[PDB]
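>>> experimental coordinates follow, after the sequence.
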Amino acid sequence: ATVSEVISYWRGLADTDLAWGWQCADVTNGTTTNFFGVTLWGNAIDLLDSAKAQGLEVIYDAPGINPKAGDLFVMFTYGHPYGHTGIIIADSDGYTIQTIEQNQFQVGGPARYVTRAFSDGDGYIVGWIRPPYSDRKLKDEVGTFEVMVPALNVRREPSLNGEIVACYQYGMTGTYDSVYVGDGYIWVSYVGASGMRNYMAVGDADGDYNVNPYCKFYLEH
């Protein structure tokens, strides 16, 4: 994947919803998962450590060390211990950064253009990941899931663009009663508080198998 491809995609979303076709729903792991097939587990603030463990290039902020277009930044947030992320869409001079950022629905909000200093009233930049840019119901099952990705959408149908009804954050647990396969993903299903059924992608699918999990799974004993 190319820098121009990725930046163009997020510019598209910022320019403009519940039909969003991404399952992993944050900027950083959404980008690595959907464009590079690399999934990162943890909160926003953990993703530099997760990226390093997956062999990606990680650069920590410092004097003279400034991010480039296409870099995925990680940020410490004063308001909460989970941190914040976004995509850098232009080379930085070290004083401002041009970014696209997001703003039941815990995370994965809509994309918007932002320009921020390296430190302000919301937090400060810690570092950034530099991606390697180039040139059917399966079974009934009584279990619980644990969201391992930073952000994961929840829909009304086990389809790519199913209506989004929630967005779960890393660490979230919950029961499920059934597992589905569809549109390249494995899904679990459960009855929401609304009273109606919900579907959530829990990993990329090769045939009937979760070959890239977004969650851990626990079965009743």
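Thanks, I have the structure now. Numbers count the residues shown, from 1 in each chain.

>>> for the spatially most central residue of the chain, what are its contacts?
Residue closest to the mean C-alpha point of the chain, counted by CA atoms, centre = their mean, is residue 26 at 2.9 Å. Residue 26 makes contacts with 44, 85, 102, 107-108, 149-151, as judged by CB atoms under 8 Å, 6 or more residues apart in numbering. Yep, even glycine has a C-beta here, placed from its N, CA and C like the rest.

>>> if you set the cut-off to 7 Å instead, what comes out?
85, 107-108, 150-151 (CB atoms under 7 Å, 6 or more residues apart in numbering).

>>> and residue 40, by the same measure?
Shown here is residue 40, whose contacts under the criterion CB under 7 Å, 6+ apart are 28-29, 32, 47, 50-51, 54.

>>> over to residue 34?
Contacts for residue 34 (CB under 7 Å, 6+ apart) come out as 22, 24.

>>> again, only this time at 10 Å
By CB atoms under 10 Å, 6 or more residues apart in numbering, the contact list for residue 34 reads 1, 6, 9, 21-24, 204.

>>> just the buried residues of the host helix or strand of it, please?
Assigned by DSSP states H and E, residue 34 belongs to helix 27-36. Along helix 27-36, the positions that meet the burial threshold by neighbour count (16 or more other CB atoms under 10 Å) are 27-34, 36.

>>> distance of the residue nearest to the centre of the chain from residue 140?
Note on residue 26: its distance to residue 140, by CB to CB, to the nearest Å, is 31 Å.

>>> in this protein, which spans are strands?
Remark: strands assigned in the chain by DSSP state E are 57-60, 72-77, 84-88, 96-102, 111-117, 123-130, 137-147, 151-155, 164-169, 173-182, 185-191, 197-206, 209-213, 215-219.

>>> for residue 15, find the nearest of those strands.
Taking CB to CB as the criterion, strand 111-117 is the member of the strands of the chain that comes nearest to residue 15, at 8.8 Å.

>>> what are the contacting residues of the closest one?
With contacts defined as CB under 10 Å, 6+ apart, strand 111-117 is touched by 9-16, 20, 27, 73, 75, 86-87, 89-90, 95-103, 122-125.

>>> for the residue lying closest to residue 190 once chain neighbours are set aside, which residues are in contact?
The shortest distance from residue 190 to any residue that is not its chain neighbour, by CB to CB, 6 or more residues apart in numbering, is 4.5 Å, and that residue is residue 176. In this structure, residue 176 makes contact with 141-145, 187-191, 198-200, 202, 215, 217, judged by CB under 10 Å, 6+ apart.
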